[PDB]
Amino acid sequence: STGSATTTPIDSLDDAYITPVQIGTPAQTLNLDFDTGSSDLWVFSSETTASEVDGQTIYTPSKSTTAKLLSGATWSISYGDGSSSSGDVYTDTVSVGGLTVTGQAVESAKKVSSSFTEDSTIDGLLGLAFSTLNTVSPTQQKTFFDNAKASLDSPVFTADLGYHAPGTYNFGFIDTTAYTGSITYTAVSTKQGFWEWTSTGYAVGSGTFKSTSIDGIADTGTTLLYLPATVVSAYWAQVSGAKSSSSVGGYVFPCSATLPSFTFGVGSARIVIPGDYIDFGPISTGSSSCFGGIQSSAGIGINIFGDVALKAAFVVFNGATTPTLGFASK
């Protein structure tokens, strides 16, 4: 089997991407944030504290003839950005772009933190990291991909995120028309439960490539590119007026600037992030100070190849017995 679904930026800055997901019978379609950095499929629901729901579409398990309460099961998750949610668990039928999993753990939120409430466009998350990170207790549950894998034509999914435009998540096949050149594959460590890999280096604009190993995670659920302070300083030094602002919480730059590109290495291959991808717009409405899309990972504890990086590539998440990651230009 295969599946193919369009993923759409939630706003004009590509702050996140949503993908429609069918849950239950009859189908209830919710727009989920596909997140290769976590492993829980959770949704706003009829069980969510009312004051914590503001415009989201909710899953109502009582209206699904295939929903079953998973007895005794609860979940609770805290993300790297300080947001959180928790609740109970149902199993139900879940379909993405024509690919159907029966008996999928659907984690129903009773509580969500303010940043989830405040974002009316995201109805929940669909985790695509390794199932070892799943938070369901006392019986850990499998991700959508893990449940689908055996039935897929090939045990892979691909992320093709657009810049200020829709893109695609495919399951079970590689669309050879969706990229240019070849896909370069690189090793993955699953020891932390993430799609963790090692970039071979970087370049700033038209500058020379610096060969240096940068370990980090391929994370569709993180907006920006978080890299070591040395690398980030080298980038922003090429933008006149750019500075790190502790009050704002990262590098800012004059909105009048033309940003240089940023290149990262995948083996001997190179992915080029155009400068415009690195502009996240005014820090507050009306400001002429703009927020940078490349930020320091210092004190995150990990480097994160988030949407800023991933959207410059066609990315293969190969979930074979020994997983790997593939990157192509597009």
# chains A, B, ... in the order shown; residues from 1 in each chain; ligands from 1

$ residues_around --residues "residue 325 of chain A" --least-positions-apart "6" --cutoff "10 Å" --atoms "only C-alpha atoms" --output "ChimeraX atom specification"
/A:156,158,183-188,195-197,218,266,315-319

$ write_last_selection --atoms "N, CA, C and O atoms" --output "compact mmCIF listing (two decimals), in the first residue's frame"
# COMPACT_ATOMS: atom_id res chain seq x y z
N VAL A 156 9.16 3.27 4.04
CA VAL A 156 9.70 4.62 3.99
C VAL A 156 8.57 5.63 4.04
O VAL A 156 7.44 5.35 3.65
N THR A 158 8.33 10.10 3.04
CA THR A 158 9.11 11.22 2.53
C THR A 158 8.44 12.53 2.88
O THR A 158 7.22 12.61 2.94
N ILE A 183 19.37 11.13 -4.70
CA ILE A 183 19.19 11.14 -3.25
C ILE A 183 20.47 10.63 -2.62
O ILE A 183 20.94 9.54 -2.96
N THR A 184 21.04 11.41 -1.69
CA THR A 184 22.19 10.96 -0.94
C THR A 184 21.73 10.45 0.42
O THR A 184 21.11 11.18 1.19
N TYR A 185 22.03 9.19 0.71
CA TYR A 185 21.67 8.59 1.98
C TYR A 185 22.80 8.70 3.01
O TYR A 185 23.98 8.70 2.67
N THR A 186 22.41 8.81 4.26
CA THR A 186 23.35 9.01 5.35
C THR A 186 22.85 8.24 6.58
O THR A 186 21.65 8.00 6.74
N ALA A 187 23.80 7.81 7.41
CA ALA A 187 23.49 6.97 8.56
C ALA A 187 22.64 7.66 9.63
O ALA A 187 22.72 8.87 9.82
N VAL A 188 21.83 6.87 10.32
CA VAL A 188 20.97 7.35 11.39
C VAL A 188 21.31 6.62 12.67
O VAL A 188 21.53 5.41 12.66
N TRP A 195 15.41 10.78 14.48
CA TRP A 195 16.11 10.61 13.21
C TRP A 195 17.39 11.45 13.29
O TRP A 195 17.48 12.58 12.78
N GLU A 196 18.37 10.89 13.99
CA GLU A 196 19.61 11.60 14.29
C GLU A 196 20.70 11.23 13.29
O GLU A 196 20.91 10.04 13.00
N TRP A 197 21.39 12.23 12.76
CA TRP A 197 22.35 12.01 11.69
C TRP A 197 23.48 13.03 11.83
O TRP A 197 23.43 13.87 12.71
N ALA A 218 16.66 15.37 12.23
CA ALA A 218 15.76 15.83 11.18
C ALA A 218 14.38 15.93 11.79
O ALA A 218 13.77 14.90 12.10
N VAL A 266 25.47 16.75 3.17
CA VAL A 266 24.94 15.42 3.39
C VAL A 266 25.92 14.51 2.65
O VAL A 266 25.90 14.47 1.42
N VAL A 315 13.25 14.79 1.39
CA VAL A 315 13.83 14.04 2.50
C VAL A 315 13.16 12.68 2.63
O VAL A 315 11.94 12.58 2.76
N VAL A 316 13.99 11.64 2.59
CA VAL A 316 13.53 10.27 2.76
C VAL A 316 13.84 9.80 4.18
O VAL A 316 15.00 9.79 4.61
N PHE A 317 12.80 9.37 4.87
CA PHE A 317 12.90 8.74 6.17
C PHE A 317 12.75 7.24 5.92
O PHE A 317 11.64 6.73 5.74
N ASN A 318 13.89 6.55 5.85
CA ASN A 318 13.92 5.15 5.49
C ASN A 318 13.88 4.32 6.76
O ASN A 318 14.85 4.30 7.52
N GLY A 319 12.75 3.66 6.99
CA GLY A 319 12.51 2.88 8.19
C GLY A 319 12.74 1.39 8.03
O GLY A 319 12.07 0.58 8.66

$ select_by_dssp --residues "segment 167-257 of chain A" --states "helix (DSSP H, G or I)" --output "list in words"
residues 229, 230, 231, 232, 233, 234, 235 and 236 of chain A

$ write_last_selection --atoms "C-alpha atoms" --output "mmCIF file, in the first residue's frame"
data_model
loop_
_atom_site.group_PDB
_atom_site.id
_atom_site.type_symbol
_atom_site.label_atom_id
_atom_site.label_comp_id
_atom_site.auth_asym_id
_atom_site.auth_seq_id
_atom_site.Cartn_x
_atom_site.Cartn_y
_atom_site.Cartn_z
ATOM 1 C CA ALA A 229 26.989 28.927 18.067
ATOM 2 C CA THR A 230 30.168 29.046 15.989
ATOM 3 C CA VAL A 231 28.238 28.185 12.809
ATOM 4 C CA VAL A 232 25.387 30.579 13.545
ATOM 5 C CA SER A 233 27.772 33.450 14.315
ATOM 6 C CA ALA A 234 29.540 32.840 11.006
ATOM 7 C CA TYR A 235 26.210 33.081 9.180
ATOM 8 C CA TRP A 236 24.881 36.247 10.811
#

$ residues_around --residues "residue 43 of chain A" --least-positions-apart "2" --cutoff "6 Å" --atoms "only C-alpha atoms" --output "PDB file with C-alpha atoms, in the first residue's frame"
ATOM      1  CA  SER A  45     -11.096  16.164  21.487  1.00  0.00           C
ATOM      2  CA  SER A 108      -7.175  12.218  23.284  1.00  0.00           C
ATOM      3  CA  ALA A 109      -6.183  15.435  25.045  1.00  0.00           C
ATOM      4  CA  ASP A 123      -5.788  20.098  15.755  1.00  0.00           C
ATOM      5  CA  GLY A 124      -3.044  17.839  17.161  1.00  0.00           C
TER       6      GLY A 124
END

$ select_by_dssp --residues "segment 214-314 of chain A" --states "strand (DSSP E or B)" --output "JSON, numbers by chain"
{"A": [214, 215, 216, 217, 218, 225, 226, 227, 243, 244, 245, 250, 251, 252, 253, 254, 262, 263, 264, 265, 266, 269, 270, 271, 272, 273, 279, 280, 281, 282, 289, 290, 291, 292, 294, 295, 296, 303, 304, 305, 314]}

$ atom_distance --atom1 "atom CA of residue 262 of chain A" --atom2 "atom CA of residue 202 of chain A"
7.2 Å

$ residues_around --residues "residue 110 of chain A" --least-positions-apart "5" --cutoff "9 Å" --atoms "only C-alpha atoms" --output "ChimeraX atom specification"
/A:44-49,85-88

$ residues_around --residues "residue 313 of chain A" --least-positions-apart "3" --cutoff "9 Å" --atoms "only C-alpha atoms" --output "ChimeraX atom specification"
/A:159-161,179,271-273,309-310,327-330

$ residues_around --residues "segment 168-175 of chain A" --least-positions-apart "2" --cutoff "10 Å" --atoms "only C-alpha atoms" --output "ChimeraX atom specification"
/A:1-8,19,34,96-99,145,148-162,166,177-179,314-318

$ atom_distance --atom1 "atom CA of residue 264 of chain A" --atom2 "atom CA of residue 251 of chain A"
19.3 Å

$ atom_distance --atom1 "atom CA of residue 83 of chain A" --atom2 "atom CA of residue 113 of chain A"
5.8 Å

$ residues_around --residues "residue 73 of chain A" --least-positions-apart "5" --cutoff "10 Å" --atoms "only C-alpha atoms" --output "ChimeraX atom specification"
/A:87-90,107,136-141

$ closest_residue --among "A:103, A:80, A:299, A:306" --to "residue 223 of chain A" --atoms "only C-alpha atoms"
A:306
